[PDB]
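Taking it in order: structure first as structure tokens, then the write-up.
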Amino acid sequence: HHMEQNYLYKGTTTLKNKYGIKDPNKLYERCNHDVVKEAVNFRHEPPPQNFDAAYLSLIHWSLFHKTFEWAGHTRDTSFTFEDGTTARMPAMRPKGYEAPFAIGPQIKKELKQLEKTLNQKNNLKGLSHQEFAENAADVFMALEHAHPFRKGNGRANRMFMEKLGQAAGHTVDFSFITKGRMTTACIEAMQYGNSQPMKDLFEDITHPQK
Ligand SMILES: Nc1ncnc2c1ncn2[C@@H]1O[C@H](COP(=O)(O)OP(=O)(O)NP(=O)(O)O)[C@@H](O)[C@H]1O
């Protein structure tokens, strides 16, 4: 259990962070604030040639480097903090639920499989509204199950989808999507094998580019 605990301040359930904030709720507030600002900037970046694991990590670094020392690094790789301790978390399972995220070697395997799919589908270009929304839901569910980071997966994955939409000719807009709406879609897909809420979600947030 040792490696996993090194993500957290001794005795707390709070992730080590660059603010040195020990209060979990204050960390949440400060992090969110910084991520929203960095997200505004990242929306202006030109699309990458390849939508791959490296790009997801670039997104994660861009959103979270002010918050976490390990921003951009996935939880299957050992990370050594400035404080000298080393953390890793190959297995994560949402509390109170049976189905885990990708475990250990599965994280890389799943990301590689998603890379191949996107390359084969030419990054979802040349698709109608309906076709893009359908395929984008599948991509997002794959990202969500992979859950490659210790924290910040939702925000990195959602930005990945915004940028994919930008490249593909579709605006993907999460601005009116509550935490509850998103959580319900994610849980139904991953815990219960029901993709309809996620399909509906991507239909609701996908629009022609203006
Ligand atoms: N029981 C669950 N099963 C599957 N996915 C879940 C479950 N609970 C939460 N999730 C999803 O896990 C993601 C959150 O991962 P996390 O590493 O906490 O990302 P985050 O960016 O830090 N937080 P957030 O802004 O709320 O998405 C969200 O997409 C949730 O909908």
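We label chains A, B, ... in the order they appear in the structure tokens, count residues from 1 in each chain, and number ligands from 1 in the order shown.
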_As a quick test: using only C-alpha atoms and all ligand atoms, which residues lie no more than 9 Å away from ligand 1? Give them as a ChimeraX atom specification._
/A:28,32,93-101,144-145,147-158,179-191
Restricting the output to N, CA and C atoms, write the selected residues as a compact mmCIF listing (two decimals), in the first residue's frame.
# COMPACT_ATOMS: atom_id res chain seq x y z
N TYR A 28 -9.09 21.73 -3.71
CA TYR A 28 -10.09 21.62 -4.78
C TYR A 28 -10.42 22.99 -5.40
N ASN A 32 -9.14 24.08 -9.17
CA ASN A 32 -10.19 24.33 -10.16
C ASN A 32 -9.99 25.70 -10.80
N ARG A 93 -10.28 2.27 -8.11
CA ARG A 93 -11.66 1.82 -8.21
C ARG A 93 -12.50 2.83 -7.45
N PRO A 94 -13.52 3.39 -8.11
CA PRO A 94 -14.37 4.37 -7.41
C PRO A 94 -14.97 3.78 -6.14
N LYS A 95 -14.90 4.52 -5.03
CA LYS A 95 -15.42 4.03 -3.76
C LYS A 95 -16.91 3.70 -3.88
N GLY A 96 -17.28 2.51 -3.42
CA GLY A 96 -18.67 2.11 -3.43
C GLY A 96 -19.11 1.45 -4.73
N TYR A 97 -18.17 1.26 -5.66
CA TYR A 97 -18.48 0.61 -6.94
C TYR A 97 -17.57 -0.58 -7.20
N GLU A 98 -18.05 -1.52 -7.99
CA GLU A 98 -17.35 -2.78 -8.22
C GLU A 98 -16.32 -2.72 -9.34
N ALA A 99 -16.63 -2.00 -10.42
CA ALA A 99 -15.76 -2.00 -11.60
C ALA A 99 -14.62 -1.01 -11.46
N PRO A 100 -13.37 -1.50 -11.60
CA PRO A 100 -12.21 -0.61 -11.53
C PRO A 100 -11.92 0.08 -12.85
N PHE A 101 -11.12 1.14 -12.79
CA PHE A 101 -10.54 1.68 -14.01
C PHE A 101 -9.48 0.70 -14.53
N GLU A 144 -12.20 7.53 -20.34
CA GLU A 144 -12.69 7.50 -18.96
C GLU A 144 -12.33 6.17 -18.31
N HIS A 145 -12.40 5.09 -19.06
CA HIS A 145 -12.07 3.79 -18.44
C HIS A 145 -10.56 3.70 -18.21
N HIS A 147 -8.44 6.16 -17.53
CA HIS A 147 -8.25 6.94 -16.29
C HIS A 147 -6.77 7.03 -15.97
N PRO A 148 -5.97 7.57 -16.92
CA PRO A 148 -4.52 7.35 -16.84
C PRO A 148 -3.80 8.11 -15.73
N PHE A 149 -4.44 9.09 -15.10
CA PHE A 149 -3.75 9.92 -14.10
C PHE A 149 -4.26 9.70 -12.68
N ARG A 150 -3.45 10.08 -11.70
CA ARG A 150 -3.87 9.95 -10.30
C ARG A 150 -5.10 10.84 -10.02
N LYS A 151 -5.17 11.97 -10.71
CA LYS A 151 -6.25 12.93 -10.53
C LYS A 151 -6.27 13.82 -11.77
N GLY A 152 -7.41 14.46 -12.04
CA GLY A 152 -7.51 15.35 -13.18
C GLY A 152 -7.91 14.66 -14.48
N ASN A 153 -8.39 13.42 -14.38
CA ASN A 153 -8.77 12.67 -15.56
C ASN A 153 -9.95 13.26 -16.30
N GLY A 154 -11.00 13.63 -15.56
CA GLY A 154 -12.18 14.20 -16.17
C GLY A 154 -11.85 15.45 -16.94
N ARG A 155 -11.13 16.36 -16.30
CA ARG A 155 -10.81 17.62 -16.96
C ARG A 155 -9.89 17.41 -18.16
N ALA A 156 -8.90 16.54 -18.04
CA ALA A 156 -8.04 16.30 -19.20
C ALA A 156 -8.81 15.63 -20.34
N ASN A 157 -9.63 14.64 -20.00
CA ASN A 157 -10.39 13.92 -21.01
C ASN A 157 -11.40 14.83 -21.72
N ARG A 158 -12.06 15.69 -20.96
CA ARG A 158 -13.01 16.61 -21.58
C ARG A 158 -12.30 17.58 -22.53
N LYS A 179 -21.92 18.38 -12.81
CA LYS A 179 -21.17 17.23 -12.30
C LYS A 179 -22.08 16.00 -12.22
N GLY A 180 -23.31 16.20 -11.75
CA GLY A 180 -24.27 15.11 -11.65
C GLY A 180 -24.60 14.46 -12.99
N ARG A 181 -24.84 15.28 -14.01
CA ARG A 181 -25.15 14.75 -15.35
C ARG A 181 -23.98 13.92 -15.89
N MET A 182 -22.76 14.45 -15.75
CA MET A 182 -21.58 13.77 -16.26
C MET A 182 -21.32 12.48 -15.48
N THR A 183 -21.39 12.57 -14.16
CA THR A 183 -21.16 11.40 -13.30
C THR A 183 -22.14 10.28 -13.65
N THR A 184 -23.41 10.62 -13.78
CA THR A 184 -24.42 9.62 -14.16
C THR A 184 -24.05 8.93 -15.49
N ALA A 185 -23.65 9.69 -16.50
CA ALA A 185 -23.27 9.11 -17.79
C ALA A 185 -22.06 8.20 -17.65
N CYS A 186 -21.06 8.64 -16.89
CA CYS A 186 -19.84 7.87 -16.70
C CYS A 186 -20.10 6.56 -15.95
N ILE A 187 -20.88 6.65 -14.88
CA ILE A 187 -21.19 5.47 -14.07
C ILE A 187 -22.03 4.46 -14.86
N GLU A 188 -23.06 4.94 -15.56
CA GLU A 188 -23.88 4.02 -16.34
C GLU A 188 -23.05 3.26 -17.37
N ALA A 189 -22.13 3.97 -18.02
CA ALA A 189 -21.28 3.34 -19.03
C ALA A 189 -20.33 2.34 -18.41
N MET A 190 -19.59 2.77 -17.40
CA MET A 190 -18.47 1.95 -16.94
C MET A 190 -18.88 0.91 -15.90
N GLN A 191 -19.81 1.28 -15.02
CA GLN A 191 -20.24 0.35 -13.98
C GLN A 191 -21.34 -0.60 -14.44
_Sel. of strand (DSSP E or B) residues, stretch 4-181 of chain A, as a list in words_ = residues 8, 15, 79, 80, 86, 87, 170, 171 and 172 of chain A
*What does the distance from atom CA of residue A:164 to atom CA of residue A:196 come to in Å, to one decimal?*
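Atom CA of residue A:196 lies 21.1 Å from atom CA of residue A:164.
Atom to atom, atom CA of residue A:56 and atom CA of residue A:160 stand 6.5 Å apart.
Taking atom CA of residue A:81 and atom CA of residue A:68 as the two end points, the separation is 9.8 Å.
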*Using DSSP on the backbone, list every residue of stretch 30-184 of chain A that comes out as alpha helix (DSSP H), and give them as a PyMOL selection string.*
chain A and resi 30-42+53-64+105-120+129-146+153-168+179-184
*Distance query residue A:112 at most 12 Å, only C-alpha atoms, self and fewer than 3 positions along chain excluded, as a list in words*: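 Those residues are residues 51, 52, 53, 54, 56, 105, 106, 107, 108, 109, 115, 116, 117, 118, 119, 142, 143, 146 and 148 of chain A.
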*Counting only C-alpha atoms, what is within 9 Å of residue A:91, bar same-chain residues fewer than 5 positions away, as a PyMOL selection string?*
chain A and resi 75-76+100-104
*asked:* Taking only C-alpha atoms into account, name the residue in A:6, A:166, A:122, A:194 that is nearest to residue A:44.
replied: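 Looking at the shortest contact to residue A:44, the residue is A:166.
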*asked:* Ranking A:23, A:82, A:69, A:200 by minimum distance to residue A:130 and counting only C-alpha atoms, which one comes first?
replied: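 With only C-alpha atoms as the atom set, the closest residue is A:200.
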_Taking only C-alpha atoms into account, name the residue in A:9, A:202, A:19, A:140 that is nearest to residue A:65._
A:19
_What's around residue A:1 at 12 Å? Count only C-alpha atoms, leave out sequence neighbours fewer than 3 positions away in its own chain, and write the answer as an MDAnalysis selection string._
chainID A and resid 4:7 87:91
Would you pick out the contacts of residue A:42 at 10 Å or less, using only C-alpha atoms, so that residues sharing its chain but fewer than 4 positions from it are not included, and give the list as an mmCIF file with N, CA, C and O atoms, in the first residue's frame?
data_model
loop_
_atom_site.group_PDB
_atom_site.id
_atom_site.type_symbol
_atom_site.label_atom_id
_atom_site.label_comp_id
_atom_site.auth_asym_id
_atom_site.auth_seq_id
_atom_site.Cartn_x
_atom_site.Cartn_y
_atom_site.Cartn_z
ATOM 1 N N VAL A 36 -9.197 26.185 -14.876
ATOM 2 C CA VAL A 36 -10.105 26.933 -15.742
ATOM 3 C C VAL A 36 -9.342 27.987 -16.545
ATOM 4 O O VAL A 36 -9.576 28.156 -17.746
ATOM 5 N N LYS A 37 -8.405 28.672 -15.897
ATOM 6 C CA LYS A 37 -7.578 29.656 -16.599
ATOM 7 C C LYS A 37 -6.689 28.992 -17.655
ATOM 8 O O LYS A 37 -6.571 29.487 -18.779
ATOM 9 N N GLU A 38 -6.057 27.876 -17.307
ATOM 10 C CA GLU A 38 -5.170 27.215 -18.258
ATOM 11 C C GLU A 38 -5.957 26.619 -19.425
ATOM 12 O O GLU A 38 -5.454 26.541 -20.545
ATOM 13 N N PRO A 46 -3.349 25.081 -31.764
ATOM 14 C CA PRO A 46 -3.752 24.379 -32.987
ATOM 15 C C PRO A 46 -3.842 22.881 -32.722
ATOM 16 O O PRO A 46 -3.169 22.368 -31.820
ATOM 17 N N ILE A 59 -2.007 17.729 -22.525
ATOM 18 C CA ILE A 59 -3.196 18.374 -21.984
ATOM 19 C C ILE A 59 -3.148 18.363 -20.458
ATOM 20 O O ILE A 59 -3.363 19.401 -19.808
ATOM 21 N N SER A 62 -0.570 20.752 -19.174
ATOM 22 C CA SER A 62 -1.005 22.130 -19.395
ATOM 23 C C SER A 62 -2.054 22.585 -18.375
ATOM 24 O O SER A 62 -2.018 23.721 -17.884
ATOM 25 N N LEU A 63 -2.995 21.704 -18.058
ATOM 26 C CA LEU A 63 -4.046 22.041 -17.112
ATOM 27 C C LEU A 63 -3.573 22.003 -15.663
ATOM 28 O O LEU A 63 -4.047 22.788 -14.847
ATOM 29 N N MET A 159 -11.136 18.082 -22.144
ATOM 30 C CA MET A 159 -10.387 18.947 -23.056
ATOM 31 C C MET A 159 -9.924 18.184 -24.306
ATOM 32 O O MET A 159 -9.957 18.714 -25.417
ATOM 33 N N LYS A 163 -10.708 19.441 -28.145
ATOM 34 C CA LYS A 163 -9.685 19.625 -29.176
ATOM 35 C C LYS A 163 -9.937 18.692 -30.354
ATOM 36 O O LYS A 163 -9.748 19.072 -31.508
#
